[PDB]
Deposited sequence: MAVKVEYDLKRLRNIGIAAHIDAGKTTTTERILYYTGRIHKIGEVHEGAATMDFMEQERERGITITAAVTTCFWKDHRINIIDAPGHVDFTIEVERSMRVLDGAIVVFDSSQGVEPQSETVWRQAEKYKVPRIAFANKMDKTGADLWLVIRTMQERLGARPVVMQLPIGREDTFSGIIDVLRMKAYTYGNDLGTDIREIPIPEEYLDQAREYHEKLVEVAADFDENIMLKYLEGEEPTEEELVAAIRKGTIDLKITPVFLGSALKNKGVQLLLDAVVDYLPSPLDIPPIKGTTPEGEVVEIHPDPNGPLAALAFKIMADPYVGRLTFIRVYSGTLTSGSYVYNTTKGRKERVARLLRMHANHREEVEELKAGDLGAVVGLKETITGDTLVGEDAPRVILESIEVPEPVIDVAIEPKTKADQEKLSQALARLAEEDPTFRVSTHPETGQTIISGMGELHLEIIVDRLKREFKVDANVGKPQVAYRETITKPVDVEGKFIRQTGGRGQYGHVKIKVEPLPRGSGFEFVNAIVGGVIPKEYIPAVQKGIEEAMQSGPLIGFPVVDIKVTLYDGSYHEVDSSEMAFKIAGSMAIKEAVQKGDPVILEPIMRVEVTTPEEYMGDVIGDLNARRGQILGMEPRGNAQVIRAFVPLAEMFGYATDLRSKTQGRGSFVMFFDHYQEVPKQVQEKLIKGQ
């Protein structure tokens, strides 16, 4: 175990679509892999430092896998496409880094492409992002003549012979560039002066400081979220990627340099878990992969203590033992088996049958802390799915079971009378990618209906009703007779059944049958056909025919009673109420407030984050369809939002008629 905590670097590459996120990653692994695919975490070496490239989801609108991966990584490279400029959503990726207090460096990719303006990037970081950038390098040559890069801090430059990254020469700075470099070098020192008194008192005195001095201060400013170093080049034309690697080991934080992850005890106490390898074990799980030839892989981040291969861990979320079989590190083109993962590092475990993405793993004798929050988010959006021709069906109902493992947060059901296949999840985007991950990945071709909000039904007042089923059906006679007392149950409390049968008035056998009929009618309410919730059912009386009584009779009899009940109890539709934090440029505040209220929303409060304003608001899910458009239409593309389920609500009286 050649593990040093200080010389460890956990990175994530964040970028707007088309910036060079994948290309840069590809090149990064290549240059590091020259001594003697994807996958959640990938490891490599540069200048005696371990770099763990935490794989961006990506696609930034799934704000569950983002918050999770932001806690896993420590520093980020934010990649900009310097061709088009800085487009709308490029802001969104920046706001995320701000949200999770993660130190960052910028990388202006595509200095080779026509339209490559370095400065358009720098200025838009100052203005829109509010990033206070510090210029670390300057280009040599324009677009297609882009052939060198100057490092202004050390005052040296690099010419590139080809575009394959196989000829790199350290040259003295061209005369045509020496003045501009000197300007920006002086500028750089000035920035360092804000973070070192020693640098300050030298910068006043006229004396040029040492590299160790500047590097240390410019690094201090980065980890403290005050400045953002900017680097450039062409990832495609293999220019400046090695210098980007150097920047990673220089200015980006090690696990020692950041604020300690906060977890919760089983009592609700808030603890700061310290990154000590000798202390108790606490580790997060964040990706469950299916691997062709090892089995299930579950990717972990270790925060304190040591995860040792071939041992046991305690799963605070599920409350059970788990056997850690083997441990692995993922490299560019091979797998490495390891004996232990210590505090601050990352890899993937083998085995771990019962663990799901988002769970915590402690060291058996260790404090029973939880890293994430407890509750399970509800299924709120329904989508109908119809398989083409038999062959796709049998491998669709197979495709879903063979996928309800890495993501158990989606539910599958069958619609009461249409007999289709209904899939439900956490929102639109959650489901719209599951559909795609079936036609391409699992190769199932079928038709998909337009997303629809999952409503619920319930009574407002207590009633007392009876259901009978006396008919001559299929040669024989049928008799079932039940008398129930139903009342409303506090919100979120669900179902409750009570038996209060006195004198074998309804014989022992037929009691399960009555329950089964109740449930089935509780699937399809008498307002819109959505499931009935939050009620207490009480079976107190009834009757039976000595010979005509049957399970089927008391099933239908129980069904007829509960439909009659939910009808008489002054029913009411329930809609999900979402919780929305909306990040917006300070200026366009009024025009977003004066829109959430038009969505029947209620404002909770606005507090600044960075140079922008985040708004917290309660809005119904039904008034959230295609918000990503309306938002970017009223913020010139600069706005962005997140969404979480909070509770269920009794719908306003005007909305009810519109739904019935």
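Show which contiguous pieces of the deposited sequence have no C-alpha coordinates, counting from residue 1. Several regions go unmodelled: 1-4, 41-64, 689-691.
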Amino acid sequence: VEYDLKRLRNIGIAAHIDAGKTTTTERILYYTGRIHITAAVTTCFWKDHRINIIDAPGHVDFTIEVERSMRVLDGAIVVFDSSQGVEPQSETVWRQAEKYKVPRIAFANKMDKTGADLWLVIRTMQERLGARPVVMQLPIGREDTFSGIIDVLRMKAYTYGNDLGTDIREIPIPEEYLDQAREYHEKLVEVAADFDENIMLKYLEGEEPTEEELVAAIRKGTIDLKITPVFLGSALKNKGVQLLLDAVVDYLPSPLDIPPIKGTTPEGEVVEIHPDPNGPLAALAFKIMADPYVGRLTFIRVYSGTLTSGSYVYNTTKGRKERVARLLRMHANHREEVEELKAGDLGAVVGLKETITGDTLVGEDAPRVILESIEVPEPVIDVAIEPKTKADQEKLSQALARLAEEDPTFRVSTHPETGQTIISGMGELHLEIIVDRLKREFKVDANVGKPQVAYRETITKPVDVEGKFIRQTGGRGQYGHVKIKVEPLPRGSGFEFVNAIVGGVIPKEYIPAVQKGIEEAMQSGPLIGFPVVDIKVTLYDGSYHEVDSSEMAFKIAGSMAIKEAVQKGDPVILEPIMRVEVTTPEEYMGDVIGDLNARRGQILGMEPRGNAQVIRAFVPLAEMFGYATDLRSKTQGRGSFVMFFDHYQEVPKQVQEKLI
From here on, numbers count along this sequence of modelled residues.
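Taking the recorded C-alpha temperature factors, which stretch has the higher mean, 649-657 or 3-11? Comparing 649-657 with 3-11, the higher average CA B-factor belongs to 649-657.
So 231-239 or 583-591, which one's hotter by mean CA B-factor in the entry? The entry gives the higher C-alpha B-factor average to 583-591.
Can you pull the Cα B-factors for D151, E496, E269, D541 from the entry and say which is highest? Comparing C-alpha B-factors across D151, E496, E269, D541, the maximum falls on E269.
Out of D436, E487, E546, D534, whose C-alpha atom has the biggest B factor in the entry? In this record, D436 carries the highest C-alpha B-factor of the candidates.
What third of its chain's C-alpha B-factors does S397 belong to: lowest, middle or highest? Answer is highest: the recorded C-alpha B-factor places it there.
Taking the entry's C-alpha B-factors for this chain, is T32 in the lowest, middle or highest third? Tercile = lowest for this residue's CA B-factor.
Going by the CA temperature factor in the PDB record, which third of the chain does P277 belong to: lowest, middle or highest? Ranked within chain, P277 CA B lands in the middle tercile.
Position of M70 among the chain's modelled residues by C-alpha B-factor, lowest, middle or highest third: Its C-alpha B-factor, which the entry lists for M70, ranks in the middle third among residues of this chain.
Third of the chain, ranked by Cα B-factor, where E520 sits: Middle third by C-alpha B-factor.
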